[PDB]
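Chemist: Mind having a look at this structure? Questions to follow.
In this analysis, Cβ positions are derived from the backbone assuming ideal geometry, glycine residues included, and neighbour counts consider all displayed protein chains. Computed from the coordinates by the stated procedures, all read-outs in this text should not be read as laboratory data.
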Amino acid sequence: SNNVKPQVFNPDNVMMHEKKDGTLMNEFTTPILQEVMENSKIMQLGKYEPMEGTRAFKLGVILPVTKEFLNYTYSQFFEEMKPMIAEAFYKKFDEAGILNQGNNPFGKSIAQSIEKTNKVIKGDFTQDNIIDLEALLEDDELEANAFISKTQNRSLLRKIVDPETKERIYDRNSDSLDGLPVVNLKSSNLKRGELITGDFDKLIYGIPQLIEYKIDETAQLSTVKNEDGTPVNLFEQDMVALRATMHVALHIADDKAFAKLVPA
Amino acid sequence: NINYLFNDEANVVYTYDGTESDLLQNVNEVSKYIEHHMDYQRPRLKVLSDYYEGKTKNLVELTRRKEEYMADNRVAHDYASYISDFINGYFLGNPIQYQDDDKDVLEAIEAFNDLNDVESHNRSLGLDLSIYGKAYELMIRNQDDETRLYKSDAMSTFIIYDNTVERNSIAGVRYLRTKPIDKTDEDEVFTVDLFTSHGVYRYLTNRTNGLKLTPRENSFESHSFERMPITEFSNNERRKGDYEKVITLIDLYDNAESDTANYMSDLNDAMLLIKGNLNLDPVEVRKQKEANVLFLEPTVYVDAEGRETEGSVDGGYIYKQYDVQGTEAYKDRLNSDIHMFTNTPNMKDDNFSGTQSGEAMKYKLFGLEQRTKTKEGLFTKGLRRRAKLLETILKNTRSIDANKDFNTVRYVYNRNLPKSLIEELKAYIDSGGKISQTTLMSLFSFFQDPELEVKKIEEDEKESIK
Amino acid sequence: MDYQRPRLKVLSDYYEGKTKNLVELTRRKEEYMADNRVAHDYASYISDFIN
C-alpha cells in the first residue's frame, strides 16, 4: 500500500521493516544467538513410544512477515526462525508435561502425579533431605534416574558436603548430584528452592507428527486485524506467513515414580 | 545465493580429535556433525545443483514480479550446465588407461573395472567434481559376493577426519529423507548410515526431536575391509566447483535478458500520432491500415469582434527505441567474462585455423589444461585409495596372493581432444609401423564385410596364378 | 597474528573470490533496488594459470 506511516496491526505481531517509532532497519546486520538454543527435557529424559495415529494434541503457530522486511531487512528470516520455533514447541511441551502449566491439554503431568501421591519433602537443601527425597522413590521399589532443577540453585548445591567422606556431594563440573545427572529448566515457573526427581523411564511420550512447516503468500489471517478491523489478506497486503504445526502425546505409566523437594 | 555459497561455515572440512572408538562410543557427536551439515553445507550444495538444473534465481525469485496484466518474462540461461559438461567431458571423456608390471594385479584390476563399468562411474564422478567441487564413492561387498562400487550423492554424504596433519578419514556418514510419494507428514525422518573402519551402524533420526540417533533393525553390519569404505574426491584444494565463482555473472545475464524481454513485451512498437482539436470517428479510424491520404482540417476559431484563426493540427509516426549500443556492449561483456573466468571457449568470438583441429584446440584450451592437471593429481590420489580397498578385500578373501602389491599401478590419462585417423595412420605406417590386414580393414567403413573381403581377395589372388 | 596474518587472509579471500565488493555492504543500498554486487575471480584465473 501507499501508507507512509507504518500499518498498525492488532495484535502487533507482524514483522515490519519500519518500527512504530520510525526506525528503519536498512543495512540491518543479522542478529547473533547470544544464548544457546534450548532442548526439550522430556524428550531428553522420557521414554519414546512408537506411535501411529493416536492420546495426542496439536501444537501450532503462525509468524507473519511484511515482505519489505523480508526483502531489505532480513532475507533469510524464515530459515533462521525455524529453530526458534522448535525451541518454542519444546518449551511448551516441557512446561505442560512437567509443571502442568500453559493449559496442558492432557490429564497427565508430573506436577499432578506428585500432587496426587503427596510425594513431597518440605525442607532446605541438605544431604539428608536429598537422601530422603531419593528414598521417597526407593520406598516404592523405584530408583531415581535424574534430577530436574532450576539452575539458579547451584549456589545452594555447592554448599552441601558429605560429613562422612567430607567431600562435595555435588560435582559442579559434571553437573551431577549424588552421581545422578541434573537437567536445568529455564522456565520461570520452577522456583529457586524447588527440585524434582523420578524414574523418568515411567514418563512416556510420542510424536505422531514431526514439525511440519508451510510458508504461504496468499492465506487470510483472521486472528490479525488491520487497524480498521478487516482481517489481513497476505496477497493483497503484500505479506507472507510461516505456519508450523506438531502433534505430541504424553503418558505417565506410574504416577508414583516422581517426588518433589520444596522449601518449608 | 551469496549468503549460502560464500558463507564461512559452508565448505569446511570436519575433523575430530579422538580415535574412532572415542567417536563411536559418543554417537551424539555424530549428531552434531549431521546437524551442522544440514544447517550450513547442504544449502550450498543445493544451490549449486539448482544452477546445474537451470533453476537459476531469476526463475524462483517471483518475490518482485507484479501479478498484473503485464507479462513475466523470467529467464534462465543454463550457463552452469554448459560449463560443467564441457569441462568434465574434456577431462574424462577418454577413459583412463591402466598399466602395471604384474599381469596378475593388472587382470584383477581390469576384472573389477569391467564388472563395475568403471568408465561410466569415473565420468559421473568427474561431473560431480565439476558441479559440487567434491564427490564421494562407496565400495561394498554385495550379497552375491562381489565387490561393487557405487557413487554417493554429495548432498547426503560427508566424512569426519582425524585431527592430525595427516587427516586420515575416521568415519563417513550417509543420511536420506526416505519418503513415500503420497503424503508429507513424517518425511523429516532421516535414515542414517555411519561407516567405520570395521562396519556400518544403521540408525533412524528426525530433525524435530533434535536428531537423536537410534538403532535401526539389525543395526550393526560388519564389513571385511580394514579402513572406512567411503572415498572423497576434490576438484581443487579448495573443493570449489567450476561455475561457483561466476554464478553472480549468470544472475546478471538473466536479469539483463529478462529486462529486455519486458521492454519488448510492454511497449508498443510504433503509433500514428495525431494532435490538435479534431473529430475522429472511431469507426473511421479502422480504415487507418488501408487509407492512402490523411487529411487534417483544423478547427477555425471566431473571435467576438469577428477575427478568425486556425488551430494547430499535426500528425506523424512515433516509434519506441532503446540503447542498443550500450546494452549489447554490456551483455557482450558479461558473456565474455563468464567464458574467460572458466577457461571455456567463447564461441561468439572464434575462428578456426586451417584443417588441424587438435593443435588449434590445445592453443585455445591451454588455460583449461592448467586446472585439469591439478584435478588429475587429486583424482589419481583418490583412485589409489580405491585400489587400496580392492587389494584389501581381495587378500581377505584370498582371491589373490598376499604377495601382490597394487600401488605399482600407473594411471595414464588422455584428454578428449579431436583426432584424425587418416593422419595418424600415415604417421604410424611411416616410421615403421605394421598392421594386420583384418585390423587395417576394420578402421575403414567402406568395407561392407571386413572379414569376407579376405576370402574374396584370396580368390582373386588364386585365379591370378593361372 | 597482528601483522602477517591479515595480509595472508586477504590474499586467500581473493583466491576464493570473496573480493571486497561482496563483503563491503557497509555503503551499499537495498531499500528497493537490487544489490547487484559482483566478484570477478581474476585472482584464481591468474594463480591457476601461472602455477
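Chemist: Tally time: how many residues in the stretch B:52-77 are closer than 23 Å to residue B:263 by Cβ, in contact with a helix residue (DSSP H, G or I) (Cβ under 9 Å, 6 or more places away or on another chain) and among the acidic types (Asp, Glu)?
Modeler: Number of matching residues: 1.
Chemist: Something else: Any residue at all in the stretch B:418-438 that's in contact with a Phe, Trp or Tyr (Cβ under 7 Å, 6 or more places away or on another chain) and on the phi < 0 side of the Ramachandran plot? Walk me through it before giving the result.
Modeler: So the first thing to find is which residues in the stretch B:418-438 are in contact with a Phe, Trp or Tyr (Cβ under 7 Å, 6 or more places away or on another chain), and the list is none.
No, there is no match, as no residue in the stretch B:418-438 is in contact with a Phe, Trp or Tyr (Cβ under 7 Å, 6 or more places away or on another chain) and on the phi < 0 side of the Ramachandran plot.
Chemist: Additional query: Of the residues that make up the stretch B:394-413, is at least one in contact with a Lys or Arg (Cβ under 7 Å, 6 or more places away or on another chain) and assigned to a helix (DSSP H, G or I)?
Modeler: Taking every residue of the stretch B:394-413 in turn, none turns out to be in contact with a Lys or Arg (Cβ under 7 Å, 6 or more places away or on another chain) and assigned to a helix (DSSP H, G or I).
Chemist: To continue, here is another question. Of everything in the stretch B:247-260 that's within 10 Å of chain C (Cβ to nearest Cβ) and either of a type in the set (S, T, N, Q) or touching an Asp or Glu at 6+ places or on another chain (Cβ under 7 Å) (or both), which residue is farthest from residue C:21 (Cα to Cα)?
Modeler: Restricting to residues being within 10 Å of chain C (Cβ to nearest Cβ) and either of a type in the set (S, T, N, Q) or touching an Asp or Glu at 6+ places or on another chain (Cβ under 7 Å) (or both), the top hit is B:255.
Chemist: What number of residues within the stretch A:69-110 are within 14 Å of chain C (Cβ to nearest Cβ) and in a helix (DSSP H, G or I)?
Modeler: 5
Chemist: Taking into account only those residues within the stretch A:122-146 that are surrounded by fewer than 17 Cβ atoms within 10 Å (Cβ to Cβ) and β-branched (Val, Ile, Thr), which is farthest from residue A:180 (Cα to Cα)?
Modeler: Among those that are surrounded by fewer than 17 Cβ atoms within 10 Å (Cβ to Cβ) and β-branched (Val, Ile, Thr), it is A:126.
Chemist: I've got another one for you. Anything in the stretch B:116-138 that is outside any strand (DSSP E or B), farther than 14 Å from residue B:241 by Cβ and touching a helix residue (DSSP H, G or I) at 6+ places or on another chain (Cβ under 7 Å)? List them, or say none. It would help to see each step written out before you state the result.
Modeler: If we filter the stretch B:116-138 for residues that are outside any strand (DSSP E or B), which is where we start, we get B:116-133.
Applying the additional criterion that residues be farther than 14 Å from residue B:241 by Cβ yields B:116-124.
Answer for the stretch B:116-138, where residues must be outside any strand (DSSP E or B), farther than 14 Å from residue B:241 by Cβ and touching a helix residue (DSSP H, G or I) at 6+ places or on another chain (Cβ under 7 Å): B:122, B:123.
Chemist: Let me ask something else. Looking at (1) more than 8 Å from chain B (Cβ to nearest Cβ); (2) among the aliphatic types (A, V, I, L, M); (3) in contact with a helix residue (DSSP H, G or I) (Cβ under 9 Å, 6 or more places away or on another chain), which one does residue C:38 not meet, given that it meets all the others?
Modeler: The single condition residue C:38 does not satisfy is (1).
Chemist: Here's something else I'd like to know. What's the number of the condition residue B:229 fails, among (1) more than 14 Å from chain C (Cβ to nearest Cβ); (2) surrounded by fewer than 18 Cβ atoms within 10 Å (Cβ to Cβ); (3) not hydroxyl-bearing (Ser, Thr, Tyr)?
Modeler: If we test residue B:229 against (1) more than 14 Å from chain C (Cβ to nearest Cβ); (2) surrounded by fewer than 18 Cβ atoms within 10 Å (Cβ to Cβ); (3) not hydroxyl-bearing (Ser, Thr, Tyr), just (2) comes out false.
Chemist: Would you tally the residues in the stretch B:161-191 being assigned to a strand (DSSP E or B), surrounded by fewer than 17 Cβ atoms within 10 Å (Cβ to Cβ) and within 11 Å of another protein chain (Cβ to nearest Cβ)?
Modeler: Number of matching residues: 1.
Chemist: Another one. Taking only pairs six or more apart or across chains, which ones have beta-carbon atoms under 6 Å, a first residue in the stretch A:85-110 that is among the hydroxyl-bearing types (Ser, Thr, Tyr), and a second residue that is in a loop (DSSP other than H, G, I, E, B)?
Modeler: Taking only residues 6 or more apart or on different chains, the pairs are A:90/A:40; A:109/A:100.
Chemist: Test of understanding: among B:309, B:299, B:344, B:327, which residue is surrounded by 10 or more Cβ atoms within 10 Å (Cβ to Cβ), under 30 Å from residue C:44 (Cβ atoms), away from chain C (no Cβ under 14 Å) and among the polar types (S, T, N, Q)? Let's see the steps before the verdict.
Modeler: Details: B:309 fails: under 30 Å from residue C:44 (Cβ atoms); B:299 fails: under 30 Å from residue C:44 (Cβ atoms); B:344 fails: away from chain C (no Cβ under 14 Å).
Testing whether each residue is surrounded by 10 or more Cβ atoms within 10 Å (Cβ to Cβ), under 30 Å from residue C:44 (Cβ atoms), away from chain C (no Cβ under 14 Å) and among the polar types (S, T, N, Q) leaves just B:327.
Chemist: Next question. Applying the selection to the stretch A:113-131, what residues are in contact with a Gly (Cβ under 8 Å, 6 or more places away or on another chain) and of a type in the set (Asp, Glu)?
Modeler: Scanning the stretch A:113-131 gives a single hit, A:124.
Chemist: I would also like to ask the following. In the stretch A:60-68, is there at least one residue being away from every other protein chain (no Cβ under 13 Å), assigned to a loop (DSSP other than H, G, I, E, B) and either surrounded by fewer than 16 Cβ atoms within 10 Å (Cβ to Cβ) or not polar (S, T, N, Q) (or both)?
Modeler: So the first thing to find is which residues in the stretch A:60-68 are away from every other protein chain (no Cβ under 13 Å), and the list is A:60-64.
Narrowing further to those that are assigned to a loop (DSSP other than H, G, I, E, B): none.
Scanning the stretch A:60-68, I find no residue that is away from every other protein chain (no Cβ under 13 Å), assigned to a loop (DSSP other than H, G, I, E, B) and either surrounded by fewer than 16 Cβ atoms within 10 Å (Cβ to Cβ) or not polar (S, T, N, Q) (or both), so the answer is no.
Chemist: Hey, another quick one. Quick test for you: out of B:221, B:237, pick the one residue that is part of a strand (DSSP E or B) and not hydrophobic (A, V, I, L, M, F, W, C). Break it down stepwise before answering.
Modeler: Working: B:237 fails: part of a strand (DSSP E or B).
Residue meeting the stated conditions: B:221.
Chemist: Moving on to the next point. Assuming residue A:43 fulfils every condition listed in (1) within 25 Å of residue A:186 (Cα to Cα); (2) away from chain B (no Cβ under 14 Å) apart from one, which condition is it?
Modeler: Result: residue A:43 passes all but (2).
Chemist: Residues that are among the β-branched types (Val, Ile, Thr) and in contact with a strand residue (DSSP E or B) (Cβ under 7 Å, 6 or more places away or on another chain): does the stretch A:72-82 have at least one? Full working, then the answer.
Modeler: Pass one, the stretch A:72-82, residues among the β-branched types (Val, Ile, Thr): A:73.
Those left that are additionally in contact with a strand residue (DSSP E or B) (Cβ under 7 Å, 6 or more places away or on another chain): none.
No, the conditions are met nowhere in the stretch A:72-82.
Chemist: Mind checking which residues of the stretch B:270-283 are under 60 Å from the mean Cα position of the chain (by Cα), surrounded by 10 or more Cβ atoms within 10 Å (Cβ to Cβ) and either among the basic types (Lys, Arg) or farther than 30 Å from residue B:259 by Cα (or both)?
Modeler: The answer is B:274, B:275.
Chemist: Which of the following residues is buried (at least 19 other Cβ atoms within 10 Å of the Cβ) and of a type outside the set (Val, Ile, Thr): A:213, A:170? Give the derivation first.
Modeler: Working: A:213 fails: buried (at least 19 other Cβ atoms within 10 Å of the Cβ).
Within the list A:213, A:170, the selection yields A:170.
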